[PDB]
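Just target-v5.pdb here, PDB, C-alpha atoms:
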```
ATOM      1  CA  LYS A   1       0.000   0.000   0.000  1.00  0.00           C
ATOM      2  CA  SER A   2       1.238   3.500  -0.710  1.00  0.00           C
ATOM      3  CA  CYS A   3       0.629   6.155   1.934  1.00  0.00           C
ATOM      4  CA  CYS A   4       1.233   9.815   1.221  1.00  0.00           C
ATOM      5  CA  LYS A   5       1.598  12.816   3.528  1.00  0.00           C
ATOM      6  CA  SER A   6      -0.443  15.301   1.445  1.00  0.00           C
ATOM      7  CA  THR A   7      -2.952  15.377  -1.412  1.00  0.00           C
ATOM      8  CA  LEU A   8      -0.148  16.902  -3.495  1.00  0.00           C
ATOM      9  CA  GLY A   9       2.069  13.883  -2.864  1.00  0.00           C
ATOM     10  CA  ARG A  10      -0.913  11.610  -3.671  1.00  0.00           C
ATOM     11  CA  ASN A  11      -1.461  13.246  -7.127  1.00  0.00           C
ATOM     12  CA  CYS A  12       2.290  13.137  -7.519  1.00  0.00           C
ATOM     13  CA  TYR A  13       2.458   9.384  -6.847  1.00  0.00           C
ATOM     14  CA  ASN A  14      -0.496   8.442  -9.019  1.00  0.00           C
ATOM     15  CA  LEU A  15       0.898  10.375 -12.041  1.00  0.00           C
ATOM     16  CA  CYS A  16       4.378   9.039 -11.439  1.00  0.00           C
ATOM     17  CA  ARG A  17       3.086   5.444 -11.519  1.00  0.00           C
ATOM     18  CA  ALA A  18       2.146   5.920 -15.173  1.00  0.00           C
ATOM     19  CA  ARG A  19       5.823   5.358 -15.962  1.00  0.00           C
ATOM     20  CA  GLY A  20       7.646   4.540 -12.735  1.00  0.00           C
ATOM     21  CA  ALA A  21       7.853   1.776 -10.175  1.00  0.00           C
ATOM     22  CA  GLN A  22       6.142   1.976  -6.761  1.00  0.00           C
ATOM     23  CA  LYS A  23       9.457   2.378  -4.883  1.00  0.00           C
ATOM     24  CA  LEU A  24      10.848   5.167  -7.080  1.00  0.00           C
ATOM     25  CA  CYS A  25       7.525   7.037  -7.118  1.00  0.00           C
ATOM     26  CA  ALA A  26       7.181   6.780  -3.318  1.00  0.00           C
ATOM     27  CA  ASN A  27      10.601   8.427  -2.957  1.00  0.00           C
ATOM     28  CA  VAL A  28      10.079  11.310  -5.351  1.00  0.00           C
ATOM     29  CA  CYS A  29       6.541  12.071  -4.133  1.00  0.00           C
ATOM     30  CA  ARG A  30       7.569  11.666  -0.477  1.00  0.00           C
ATOM     31  CA  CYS A  31       5.201   8.745   0.119  1.00  0.00           C
ATOM     32  CA  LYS A  32       5.823   5.501   1.992  1.00  0.00           C
ATOM     33  CA  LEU A  33       5.053   1.943   0.903  1.00  0.00           C
ATOM     34  CA  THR A  34       3.708  -0.260   3.723  1.00  0.00           C
ATOM     35  CA  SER A  35       3.122  -4.019   4.043  1.00  0.00           C
ATOM     36  CA  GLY A  36       0.123  -3.294   6.285  1.00  0.00           C
ATOM     37  CA  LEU A  37      -3.433  -3.005   4.978  1.00  0.00           C
ATOM     38  CA  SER A  38      -3.824   0.522   6.453  1.00  0.00           C
ATOM     39  CA  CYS A  39      -1.744   3.713   6.430  1.00  0.00           C
ATOM     40  CA  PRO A  40      -0.132   5.212   9.530  1.00  0.00           C
ATOM     41  CA  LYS A  41      -1.675   8.409  10.939  1.00  0.00           C
ATOM     42  CA  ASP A  42       1.178  10.488   9.569  1.00  0.00           C
ATOM     43  CA  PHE A  43       0.809   9.317   5.922  1.00  0.00           C
ATOM     44  CA  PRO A  44      -2.948   9.442   5.476  1.00  0.00           C
ATOM     45  CA  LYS A  45      -3.304  10.621   1.941  1.00  0.00           C
TER      46      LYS A  45
ATOM     47  CA  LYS B   1      -2.485 -18.644   3.966  1.00  0.00           C
ATOM     48  CA  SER B   2      -2.306 -17.795   7.645  1.00  0.00           C
ATOM     49  CA  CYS B   3      -3.385 -20.461  10.123  1.00  0.00           C
ATOM     50  CA  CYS B   4      -3.858 -19.665  13.786  1.00  0.00           C
ATOM     51  CA  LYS B   5      -4.125 -21.904  16.848  1.00  0.00           C
ATOM     52  CA  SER B   6      -6.933 -19.995  18.623  1.00  0.00           C
ATOM     53  CA  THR B   7      -9.602 -17.376  17.926  1.00  0.00           C
ATOM     54  CA  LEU B   8      -7.504 -15.034  20.081  1.00  0.00           C
ATOM     55  CA  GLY B   9      -4.506 -15.487  17.793  1.00  0.00           C
ATOM     56  CA  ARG B  10      -6.818 -14.974  14.776  1.00  0.00           C
ATOM     57  CA  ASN B  11      -8.081 -11.568  16.089  1.00  0.00           C
ATOM     58  CA  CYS B  12      -4.488 -10.838  16.982  1.00  0.00           C
ATOM     59  CA  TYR B  13      -3.253 -11.524  13.436  1.00  0.00           C
ATOM     60  CA  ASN B  14      -6.016  -9.636  11.664  1.00  0.00           C
ATOM     61  CA  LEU B  15      -5.460  -6.484  13.801  1.00  0.00           C
ATOM     62  CA  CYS B  16      -1.710  -6.779  13.470  1.00  0.00           C
ATOM     63  CA  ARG B  17      -1.982  -6.848   9.660  1.00  0.00           C
ATOM     64  CA  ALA B  18      -3.323  -3.290   9.746  1.00  0.00           C
ATOM     65  CA  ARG B  19       0.289  -2.175  10.168  1.00  0.00           C
ATOM     66  CA  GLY B  20       2.533  -5.230   9.977  1.00  0.00           C
ATOM     67  CA  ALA B  21       3.698  -7.784   7.456  1.00  0.00           C
ATOM     68  CA  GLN B  22       2.293 -11.337   7.300  1.00  0.00           C
ATOM     69  CA  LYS B  23       5.523 -12.903   8.640  1.00  0.00           C
ATOM     70  CA  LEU B  24       5.914 -10.566  11.627  1.00  0.00           C
ATOM     71  CA  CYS B  25       2.217 -10.813  12.531  1.00  0.00           C
ATOM     72  CA  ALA B  26       2.281 -14.631  12.316  1.00  0.00           C
ATOM     73  CA  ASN B  27       5.144 -14.666  14.834  1.00  0.00           C
ATOM     74  CA  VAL B  28       3.659 -12.305  17.390  1.00  0.00           C
ATOM     75  CA  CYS B  29       0.165 -13.833  17.210  1.00  0.00           C
ATOM     76  CA  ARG B  30       1.571 -17.384  17.217  1.00  0.00           C
ATOM     77  CA  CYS B  31       0.143 -18.217  13.788  1.00  0.00           C
ATOM     78  CA  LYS B  32       1.777 -20.053  10.893  1.00  0.00           C
ATOM     79  CA  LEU B  33       1.910 -19.068   7.226  1.00  0.00           C
ATOM     80  CA  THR B  34       1.458 -22.018   4.836  1.00  0.00           C
ATOM     81  CA  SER B  35       1.942 -22.421   1.070  1.00  0.00           C
ATOM     82  CA  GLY B  36      -0.938 -24.920   1.034  1.00  0.00           C
ATOM     83  CA  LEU B  37      -4.539 -23.939   0.313  1.00  0.00           C
ATOM     84  CA  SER B  38      -5.743 -25.413   3.650  1.00  0.00           C
ATOM     85  CA  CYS B  39      -4.615 -25.175   7.281  1.00  0.00           C
ATOM     86  CA  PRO B  40      -3.212 -28.102   9.259  1.00  0.00           C
ATOM     87  CA  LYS B  41      -5.438 -29.618  11.968  1.00  0.00           C
ATOM     88  CA  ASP B  42      -3.383 -27.978  14.692  1.00  0.00           C
ATOM     89  CA  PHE B  43      -3.730 -24.389  13.346  1.00  0.00           C
ATOM     90  CA  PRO B  44      -7.404 -24.285  12.440  1.00  0.00           C
ATOM     91  CA  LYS B  45      -8.365 -20.788  13.364  1.00  0.00           C
TER      92      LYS B  45
ATOM     93  CA  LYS C   1       0.523 -22.978 -14.519  1.00  0.00           C
ATOM     94  CA  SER C   2       0.777 -26.617 -13.533  1.00  0.00           C
ATOM     95  CA  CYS C   3       0.676 -29.206 -16.309  1.00  0.00           C
ATOM     96  CA  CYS C   4       0.318 -32.890 -15.550  1.00  0.00           C
ATOM     97  CA  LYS C   5       0.930 -35.982 -17.677  1.00  0.00           C
ATOM     98  CA  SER C   6      -2.128 -37.988 -16.536  1.00  0.00           C
ATOM     99  CA  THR C   7      -5.457 -37.515 -14.757  1.00  0.00           C
ATOM    100  CA  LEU C   8      -3.896 -39.450 -11.867  1.00  0.00           C
ATOM    101  CA  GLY C   9      -1.094 -36.903 -11.572  1.00  0.00           C
ATOM    102  CA  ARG C  10      -3.707 -34.104 -11.798  1.00  0.00           C
ATOM    103  CA  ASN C  11      -5.729 -35.498  -8.817  1.00  0.00           C
ATOM    104  CA  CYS C  12      -2.406 -36.055  -7.118  1.00  0.00           C
ATOM    105  CA  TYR C  13      -1.338 -32.417  -7.562  1.00  0.00           C
ATOM    106  CA  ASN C  14      -4.649 -30.887  -6.546  1.00  0.00           C
ATOM    107  CA  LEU C  15      -4.788 -32.938  -3.293  1.00  0.00           C
ATOM    108  CA  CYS C  16      -1.141 -32.271  -2.579  1.00  0.00           C
ATOM    109  CA  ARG C  17      -1.707 -28.502  -2.842  1.00  0.00           C
ATOM    110  CA  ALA C  18      -3.949 -28.679   0.224  1.00  0.00           C
ATOM    111  CA  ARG C  19      -0.753 -28.762   2.283  1.00  0.00           C
ATOM    112  CA  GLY C  20       2.210 -28.395  -0.060  1.00  0.00           C
ATOM    113  CA  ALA C  21       3.805 -25.800  -2.287  1.00  0.00           C
ATOM    114  CA  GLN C  22       3.408 -25.801  -6.090  1.00  0.00           C
ATOM    115  CA  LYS C  23       7.043 -26.856  -6.685  1.00  0.00           C
ATOM    116  CA  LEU C  24       7.038 -29.776  -4.232  1.00  0.00           C
ATOM    117  CA  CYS C  25       3.638 -31.014  -5.435  1.00  0.00           C
ATOM    118  CA  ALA C  26       4.716 -30.826  -9.100  1.00  0.00           C
ATOM    119  CA  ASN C  27       7.685 -33.074  -8.281  1.00  0.00           C
ATOM    120  CA  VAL C  28       5.838 -35.734  -6.324  1.00  0.00           C
ATOM    121  CA  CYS C  29       2.886 -35.885  -8.741  1.00  0.00           C
ATOM    122  CA  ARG C  30       5.198 -35.794 -11.780  1.00  0.00           C
ATOM    123  CA  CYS C  31       3.762 -32.516 -13.079  1.00  0.00           C
ATOM    124  CA  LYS C  32       5.581 -29.501 -14.501  1.00  0.00           C
ATOM    125  CA  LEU C  33       5.129 -25.828 -13.638  1.00  0.00           C
ATOM    126  CA  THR C  34       5.291 -23.514 -16.676  1.00  0.00           C
ATOM    127  CA  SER C  35       5.544 -19.723 -17.058  1.00  0.00           C
ATOM    128  CA  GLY C  36       3.457 -19.970 -20.240  1.00  0.00           C
ATOM    129  CA  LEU C  37      -0.323 -19.570 -20.288  1.00  0.00           C
ATOM    130  CA  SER C  38      -0.794 -23.016 -21.921  1.00  0.00           C
ATOM    131  CA  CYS C  39       0.532 -26.527 -21.270  1.00  0.00           C
ATOM    132  CA  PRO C  40       2.839 -28.394 -23.645  1.00  0.00           C
ATOM    133  CA  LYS C  41       1.346 -31.307 -25.615  1.00  0.00           C
ATOM    134  CA  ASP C  42       3.104 -33.819 -23.394  1.00  0.00           C
ATOM    135  CA  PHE C  43       1.684 -32.479 -20.077  1.00  0.00           C
ATOM    136  CA  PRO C  44      -1.944 -31.911 -20.995  1.00  0.00           C
ATOM    137  CA  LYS C  45      -3.735 -32.888 -17.857  1.00  0.00           C
TER     138      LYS C  45
ATOM    139  CA  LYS D   1       3.008  -4.333 -18.485  1.00  0.00           C
ATOM    140  CA  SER D   2       4.321  -5.323 -21.888  1.00  0.00           C
ATOM    141  CA  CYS D   3       4.690  -2.590 -24.498  1.00  0.00           C
ATOM    142  CA  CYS D   4       5.409  -3.409 -28.115  1.00  0.00           C
ATOM    143  CA  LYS D   5       6.653  -1.261 -30.996  1.00  0.00           C
ATOM    144  CA  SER D   6       4.361  -2.692 -33.713  1.00  0.00           C
ATOM    145  CA  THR D   7       1.193  -4.762 -34.095  1.00  0.00           C
ATOM    146  CA  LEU D   8       3.460  -7.514 -35.444  1.00  0.00           C
ATOM    147  CA  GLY D   9       5.482  -7.533 -32.228  1.00  0.00           C
ATOM    148  CA  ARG D  10       2.199  -7.521 -30.245  1.00  0.00           C
ATOM    149  CA  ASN D  11       0.892 -10.685 -32.033  1.00  0.00           C
ATOM    150  CA  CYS D  12       4.373 -12.080 -31.619  1.00  0.00           C
ATOM    151  CA  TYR D  13       4.374 -11.510 -27.844  1.00  0.00           C
ATOM    152  CA  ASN D  14       0.871 -12.809 -27.230  1.00  0.00           C
ATOM    153  CA  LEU D  15       1.570 -16.078 -29.135  1.00  0.00           C
ATOM    154  CA  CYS D  16       4.947 -16.453 -27.488  1.00  0.00           C
ATOM    155  CA  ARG D  17       3.360 -16.210 -24.021  1.00  0.00           C
ATOM    156  CA  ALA D  18       1.519 -19.469 -24.694  1.00  0.00           C
ATOM    157  CA  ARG D  19       4.782 -21.230 -23.847  1.00  0.00           C
ATOM    158  CA  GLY D  20       7.324 -18.625 -22.772  1.00  0.00           C
ATOM    159  CA  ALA D  21       7.960 -16.240 -19.918  1.00  0.00           C
ATOM    160  CA  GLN D  22       7.256 -12.489 -20.151  1.00  0.00           C
ATOM    161  CA  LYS D  23      10.977 -11.576 -20.208  1.00  0.00           C
ATOM    162  CA  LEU D  24      11.972 -14.043 -22.939  1.00  0.00           C
ATOM    163  CA  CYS D  25       8.945 -13.164 -25.085  1.00  0.00           C
ATOM    164  CA  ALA D  26       9.616  -9.415 -24.734  1.00  0.00           C
ATOM    165  CA  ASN D  27      13.141  -9.980 -26.072  1.00  0.00           C
ATOM    166  CA  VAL D  28      12.258 -12.119 -29.065  1.00  0.00           C
ATOM    167  CA  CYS D  29       9.263  -9.981 -30.084  1.00  0.00           C
ATOM    168  CA  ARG D  30      11.196  -6.744 -29.474  1.00  0.00           C
ATOM    169  CA  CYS D  31       8.821  -5.554 -26.747  1.00  0.00           C
ATOM    170  CA  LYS D  32       9.626  -3.946 -23.402  1.00  0.00           C
ATOM    171  CA  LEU D  33       8.271  -4.817 -19.960  1.00  0.00           C
ATOM    172  CA  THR D  34       7.541  -1.756 -17.789  1.00  0.00           C
ATOM    173  CA  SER D  35       6.724  -1.321 -14.084  1.00  0.00           C
ATOM    174  CA  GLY D  36       4.519   1.656 -14.988  1.00  0.00           C
ATOM    175  CA  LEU D  37       0.783   1.364 -15.622  1.00  0.00           C
ATOM    176  CA  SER D  38       1.125   2.919 -19.119  1.00  0.00           C
ATOM    177  CA  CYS D  39       3.403   2.360 -22.121  1.00  0.00           C
ATOM    178  CA  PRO D  40       5.919   4.919 -23.375  1.00  0.00           C
ATOM    179  CA  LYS D  41       5.109   6.721 -26.644  1.00  0.00           C
ATOM    180  CA  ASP D  42       7.664   4.648 -28.516  1.00  0.00           C
ATOM    181  CA  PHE D  43       6.223   1.226 -27.501  1.00  0.00           C
ATOM    182  CA  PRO D  44       2.512   1.817 -27.959  1.00  0.00           C
ATOM    183  CA  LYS D  45       1.327  -1.479 -29.279  1.00  0.00           C
TER     184      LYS D  45
END
```

Could you write out this structure as structure tokens?
Amino acid sequence: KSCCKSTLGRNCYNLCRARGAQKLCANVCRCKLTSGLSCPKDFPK
Amino acid sequence: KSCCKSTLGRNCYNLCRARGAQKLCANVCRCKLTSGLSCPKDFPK
Amino acid sequence: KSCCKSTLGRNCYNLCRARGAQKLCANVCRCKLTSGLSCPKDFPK
Amino acid sequence: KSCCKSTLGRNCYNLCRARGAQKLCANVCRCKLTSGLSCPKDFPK
């Protein structure tokens, strides 16, 4: 699951995924990938 | 597939998975992960 | 995809998968695992 | 996702996948595998 800090980072990640991998997109859009089924409180977007 | 020993361990695993990986949750909730499509007799929950 | 040589090997594999991994079950039931979407002529079951 | 350069390469890849892996089929049919959800402009088929 990807978990972003802001709505900005969420749009960033989704657009990035058109051509990039999860892991690279998470980094550039300041998002976090988690193994859990829910996002932490601090990465709710 | 995850296979737990008790109902307690099952609730434990399911809640744990909100933020943890299968493998760490199995350990802490005393469950077992199997490659089979069914659970052994001793981990039926 | 699993591809078996006989119907016997097919029942064997399916039952085996209740508790075993694809790779171990293929071996014991004399089946083959393929990356292709179809089975070879010689493993049609 | 697989992304091919021509329709020819697309038919090539799809037929190849009946018996081959993604990675080998991409190579022989001159296609590219991408982690992105969309294909680059130069591999649109």

Which polymer residues have any atom within 10 Å of an atom of residue A:45, counting only C-alpha atoms, with same-chain residues fewer than 3 positions away left out, as a short mmCIF file (atom, residue, chain, number, x, y, z; two decimals) with C-alpha atoms, keeping the file's coordinate frame?
```
data_model
loop_
_atom_site.label_atom_id
_atom_site.label_comp_id
_atom_site.auth_asym_id
_atom_site.auth_seq_id
_atom_site.Cartn_x
_atom_site.Cartn_y
_atom_site.Cartn_z
CA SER A 2 1.24 3.50 -0.71
CA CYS A 3 0.63 6.16 1.93
CA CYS A 4 1.23 9.82 1.22
CA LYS A 5 1.60 12.82 3.53
CA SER A 6 -0.44 15.30 1.44
CA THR A 7 -2.95 15.38 -1.41
CA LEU A 8 -0.15 16.90 -3.50
CA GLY A 9 2.07 13.88 -2.86
CA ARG A 10 -0.91 11.61 -3.67
CA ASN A 11 -1.46 13.25 -7.13
CA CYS A 31 5.20 8.74 0.12
CA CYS A 39 -1.74 3.71 6.43
CA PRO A 40 -0.13 5.21 9.53
CA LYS A 41 -1.68 8.41 10.94
CA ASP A 42 1.18 10.49 9.57
#
```

- Message: Counting all atoms listed in the file, which residue out of C:17, C:23, C:29, C:43 sits closest to chain B?
- Response: C:17

- Task: Any chance you could resolve the PyMOL selection byres ((chain C) within 9 of (chain B)) against this file and give the residues as a PyMOL selection string?
- Result: chain C and resi 16-22

Put chain C on top of chain B with a least-squares fit on all C-alpha atoms, paired in order, and send it back as a short mmCIF file (atom, residue, chain, number, x, y, z; two decimals) with C-alpha atoms, in the frame of the given file.
```cif
data_model
loop_
_atom_site.label_atom_id
_atom_site.label_comp_id
_atom_site.auth_asym_id
_atom_site.auth_seq_id
_atom_site.Cartn_x
_atom_site.Cartn_y
_atom_site.Cartn_z
CA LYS C 1 -2.48 -18.64 3.97
CA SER C 2 -2.31 -17.80 7.64
CA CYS C 3 -3.39 -20.46 10.12
CA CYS C 4 -3.86 -19.67 13.79
CA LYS C 5 -4.12 -21.90 16.85
CA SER C 6 -6.93 -19.99 18.62
CA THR C 7 -9.60 -17.38 17.93
CA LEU C 8 -7.50 -15.03 20.08
CA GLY C 9 -4.51 -15.49 17.79
CA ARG C 10 -6.82 -14.97 14.78
CA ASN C 11 -8.08 -11.57 16.09
CA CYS C 12 -4.49 -10.84 16.98
CA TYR C 13 -3.25 -11.52 13.44
CA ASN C 14 -6.02 -9.64 11.66
CA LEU C 15 -5.46 -6.48 13.80
CA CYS C 16 -1.71 -6.78 13.47
CA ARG C 17 -1.98 -6.85 9.66
CA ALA C 18 -3.32 -3.29 9.75
CA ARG C 19 0.29 -2.17 10.17
CA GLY C 20 2.53 -5.23 9.98
CA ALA C 21 3.70 -7.78 7.46
CA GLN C 22 2.29 -11.34 7.30
CA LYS C 23 5.52 -12.90 8.64
CA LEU C 24 5.91 -10.57 11.63
CA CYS C 25 2.22 -10.81 12.53
CA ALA C 26 2.28 -14.63 12.32
CA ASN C 27 5.14 -14.67 14.83
CA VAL C 28 3.66 -12.30 17.39
CA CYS C 29 0.16 -13.83 17.21
CA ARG C 30 1.57 -17.38 17.22
CA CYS C 31 0.14 -18.22 13.79
CA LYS C 32 1.78 -20.05 10.89
CA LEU C 33 1.91 -19.07 7.23
CA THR C 34 1.46 -22.02 4.84
CA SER C 35 1.94 -22.42 1.07
CA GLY C 36 -0.94 -24.92 1.03
CA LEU C 37 -4.54 -23.94 0.31
CA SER C 38 -5.74 -25.41 3.65
CA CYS C 39 -4.62 -25.18 7.28
CA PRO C 40 -3.21 -28.10 9.26
CA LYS C 41 -5.44 -29.62 11.97
CA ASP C 42 -3.38 -27.98 14.69
CA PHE C 43 -3.73 -24.39 13.35
CA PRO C 44 -7.40 -24.29 12.44
CA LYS C 45 -8.37 -20.79 13.36
#
```

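Our summary of the geometry notes that atom CA of residue B:33 is positioned 5.5 Å from atom CA of residue B:1.
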
- For atom CA of residue C:26 and atom CA of residue C:13, determine how far apart the two atoms are, in Å to one decimal place.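 Atom CA of residue C:26 sits 6.4 Å away from atom CA of residue C:13.
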
Given 3 Å of margin on each side, can you work out the centre and size in Å (one decimal) of an axis-aligned box holding every listed atom of stretch 27-35 of chain A, as lines of an AutoDock Vina configuration file?
```
center_x = 6.9
center_y = 4.0
center_z = -0.7
size_x = 13.5
size_y = 22.1
size_z = 15.4
```

- Mind giving me the straight-line distance from atom CA of residue B:24 to atom CA of residue A:44 in Å, one decimal?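 A separation of 22.7 Å between them.
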
Just add N, CA and C atoms to stretch 12-35 of chain B and send it as a JSON list (two decimals), in the coordinates of the input.
```json
[["chain", "number", "residue", "atom", "x", "y", "z"],
["B", 12, "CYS", "N", -5.82, -11.45, 16.84],
["B", 12, "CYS", "CA", -4.49, -10.84, 16.98],
["B", 12, "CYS", "C", -3.88, -10.60, 15.58],
["B", 13, "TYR", "N", -3.88, -11.64, 14.77],
["B", 13, "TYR", "CA", -3.25, -11.52, 13.44],
["B", 13, "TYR", "C", -3.94, -10.51, 12.59],
["B", 14, "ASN", "N", -5.27, -10.57, 12.50],
["B", 14, "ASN", "CA", -6.02, -9.64, 11.66],
["B", 14, "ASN", "C", -5.77, -8.18, 12.05],
["B", 15, "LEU", "N", -5.68, -7.90, 13.33],
["B", 15, "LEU", "CA", -5.46, -6.48, 13.80],
["B", 15, "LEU", "C", -4.05, -6.08, 13.49],
["B", 16, "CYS", "N", -3.16, -7.02, 13.73],
["B", 16, "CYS", "CA", -1.71, -6.78, 13.47],
["B", 16, "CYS", "C", -1.47, -6.43, 12.01],
["B", 17, "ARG", "N", -2.16, -7.07, 11.08],
["B", 17, "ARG", "CA", -1.98, -6.85, 9.66],
["B", 17, "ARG", "C", -2.35, -5.46, 9.22],
["B", 18, "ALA", "N", -2.96, -4.68, 10.13],
["B", 18, "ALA", "CA", -3.32, -3.29, 9.75],
["B", 18, "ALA", "C", -2.03, -2.53, 9.54],
["B", 19, "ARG", "N", -0.99, -2.85, 10.26],
["B", 19, "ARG", "CA", 0.29, -2.17, 10.17],
["B", 19, "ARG", "C", 1.51, -3.02, 10.00],
["B", 20, "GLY", "N", 1.40, -4.35, 10.08],
["B", 20, "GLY", "CA", 2.53, -5.23, 9.98],
["B", 20, "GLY", "C", 2.43, -6.20, 8.83],
["B", 21, "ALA", "N", 3.58, -6.79, 8.54],
["B", 21, "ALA", "CA", 3.70, -7.78, 7.46],
["B", 21, "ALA", "C", 3.14, -9.13, 7.93],
["B", 22, "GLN", "N", 2.81, -9.98, 6.99],
["B", 22, "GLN", "CA", 2.29, -11.34, 7.30],
["B", 22, "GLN", "C", 3.22, -12.06, 8.28],
["B", 23, "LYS", "N", 4.45, -12.23, 7.92],
["B", 23, "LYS", "CA", 5.52, -12.90, 8.64],
["B", 23, "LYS", "C", 5.75, -12.38, 10.02],
["B", 24, "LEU", "N", 5.71, -11.07, 10.25],
["B", 24, "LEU", "CA", 5.91, -10.57, 11.63],
["B", 24, "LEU", "C", 4.67, -10.80, 12.47],
["B", 25, "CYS", "N", 3.51, -10.61, 11.86],
["B", 25, "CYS", "CA", 2.22, -10.81, 12.53],
["B", 25, "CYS", "C", 2.00, -12.27, 12.91],
["B", 26, "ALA", "N", 2.42, -13.18, 12.05],
["B", 26, "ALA", "CA", 2.28, -14.63, 12.32],
["B", 26, "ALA", "C", 3.05, -14.95, 13.60],
["B", 27, "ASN", "N", 4.27, -14.48, 13.69],
["B", 27, "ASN", "CA", 5.14, -14.67, 14.83],
["B", 27, "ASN", "C", 4.60, -14.18, 16.17],
["B", 28, "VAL", "N", 4.17, -12.94, 16.19],
["B", 28, "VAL", "CA", 3.66, -12.30, 17.39],
["B", 28, "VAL", "C", 2.30, -12.85, 17.81],
["B", 29, "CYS", "N", 1.51, -13.31, 16.85],
["B", 29, "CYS", "CA", 0.16, -13.83, 17.21],
["B", 29, "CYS", "C", 0.15, -15.36, 17.25],
["B", 30, "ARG", "N", 1.29, -15.96, 17.20],
["B", 30, "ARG", "CA", 1.57, -17.38, 17.22],
["B", 30, "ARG", "C", 0.81, -18.17, 16.16],
["B", 31, "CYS", "N", 0.81, -17.64, 14.95],
["B", 31, "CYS", "CA", 0.14, -18.22, 13.79],
["B", 31, "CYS", "C", 1.23, -18.75, 12.88],
["B", 32, "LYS", "N", 0.81, -19.45, 11.86],
["B", 32, "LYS", "CA", 1.78, -20.05, 10.89],
["B", 32, "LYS", "C", 1.33, -19.65, 9.50],
["B", 33, "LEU", "N", 2.29, -19.41, 8.64],
["B", 33, "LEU", "CA", 1.91, -19.07, 7.23],
["B", 33, "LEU", "C", 2.15, -20.39, 6.47],
["B", 34, "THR", "N", 1.24, -20.76, 5.60],
["B", 34, "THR", "CA", 1.46, -22.02, 4.84],
["B", 34, "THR", "C", 1.37, -21.75, 3.34],
["B", 35, "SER", "N", 2.02, -22.56, 2.52],
["B", 35, "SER", "CA", 1.94, -22.42, 1.07],
["B", 35, "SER", "C", 0.73, -23.20, 0.54]]
```
